[PDB]
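In the form deposited in one PDB entry, a lone chain appears below as C-alpha cells.
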C-alpha cells in the first residue's frame, strides 16, 4: 500500500469545547475517516498539531506557578501534549480498528525535533496558541513579556516562535515501526523543539505541516496529506472566476502564487509545504483536502487538490 503522512489539526481536535471528553469524541469521528484509508489499502503515518491545547496547558502552568509547583517551560508543555493528544488519538484509533475487525497496532512515540537556534522565528513569534482574548486581556497579559497578535474579528492570541524543523531525532525509530506495519503517531504538536547535538530544549511550537513534511521525507513516504476545511484548494472564492484546483503541478502552483493567490497566513503555507515535498524526491505527491473527503476516497480516487511534478 501507499505510504501517506497525515497531519491532524490541533484546532480541529479542539474546535469548540475544550474538555478532554469533547476532544476525545472528535477524534472518534476522525478515526473513522483514518480507518477508511486503512481499508483502502493505504499505509498510515500520523501526526498532529496542538495550538489550542498547549496554550491552555500553559495557562494552567501559570495559574499555580510557585516554587512548590513550578510552571513547566514550553518545550516540556509540548511534550505533555504529545502525551495527552497522542493518548486520545491512539485510543480512538484502536477502538475503531477493533470494531472494524482490523488487526493493526497503533503506537505514539514522543518526538524531539531539531531546529536552528538562529532561526528568524525566534525574534518574530507568529504561531497563535491558547484561547482568544479581548484587547484588554491581551494588554494585561503582555505585562508578562508575552506577545499577542489579533485575528480579524476573532480576538487576540498569544504567539510563540515557530522555527523550521531541520531534523527528527526519533526518525529511525519511527521508520522501524512503519517497516513493521505499525500505525505511528509522531511529531505531536510539531515536535518537542530542541537545538544542537545535545538536543537542548527551546521554547517554541513548530508547525505540524512542516514537521509532517520533514517526517514524510525522512520516512520516504509516498504522499503528504495536508488538511483544510474544504474539498479543494479554491482560488477566487466567491468570484465569477472561482476555481477549485484538482490535479496541479508545482509549476502551475508557482504561477498561481505569482498571480497573488493563496492567503499568506493560511493557504500559502500549505501550498509551500506541498511544493517542498514534491520537489524533495521523484515520484512524490502532496494532497491538500479535507478529513471528510479522505473518508470518501475509494482506492486511488484521491479527491482533493493533488500536487505532482
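Under this definition, the rigid core comprises the largest set of C-alpha atoms superposing within 1.5 Å between the forms. Numbering follows the first chain given and starts at 1.
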Looking only at C-alpha temperature factors in the entry, 145 to 153 or 198 to 206, the higher average sits in 145 to 153
If you average the CA temperature factors over each stretch, which comes out higher, 122 to 130 or 169 to 177?
-> 122 to 130
Among 40, 31, 53, 61, the highest C-alpha B-factor in the PDB entry belongs to 40
96, 75, 231, 213, ranked by C-alpha B-factor: the highest one = 231
Ranked by Cα temperature factor within the chain, is residue 267 in the lowest third, the middle third or the highest third?
-> highest
Would you please rank residue 261 by its C-alpha temperature factor against the other modelled residues of its chain and give the third it falls in: lowest, middle or highest?
-> highest
Residue 275 by Cα B-factor - lowest, middle or highest third of the modelled chain = middle
Assert third(CA B-factor, residue 114) within chain per record equals lowest
Hey, what third does residue 19 fall into on Cα B-factor, ranked over its chain?
-> lowest
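Below, we turn to the form deposited with a small molecule bound, even though it does not appear here.
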Does every residue of 10, 230 and 233 put a non-hydrogen atom within 4.5 angstroms of the small molecule in the deposited bound form?
-> yes
When the small molecule is placed as it is in the deposited bound form, which of 275 to 283, 65 to 73, 27 to 35, 260 to 268 ends up with heavy atoms within 4.5 Å of it?
-> 260 to 268
Tell me, yes or no, whether residue 208 is in contact with the small molecule in the deposited bound form, where a contact means a heavy atom of each within 4.5 Å.
-> yes
Applying a 4.5 Å heavy atom distance criterion, does residue 132 contact the small molecule in the deposited bound form?
-> no
Going by a heavy atom distance of 4.5 Å, is residue 237 a contact of the small molecule in the deposited bound form?
-> yes
A Cα shift of 2 Å or more between the shown form and the other one, after fitting the rigid core, is seen among 171, 202, 178, 121 only at 121
Is it true that residue 134 shifts between the shown form and the other one by 2 Å or more at the Cα, once the core is aligned?
-> yes
Rigid-core frame, C-alpha of residue 156, shift of 2 angstroms or more between the shown form and the other one = yes
Determine whether the C-alpha of residue 146 shifts by 2 Å or more between the shown form and the other one once the rigid core is superposed.
-> yes
Change in CA distance between residue 200 and residue 143 in the deposited bound form, which is 3 Å or more, as closer or farther | closer
A change of 3 Å or more separates this form from the other: in the deposited bound form, the C-alpha atoms of residue 288 and residue 128 are farther
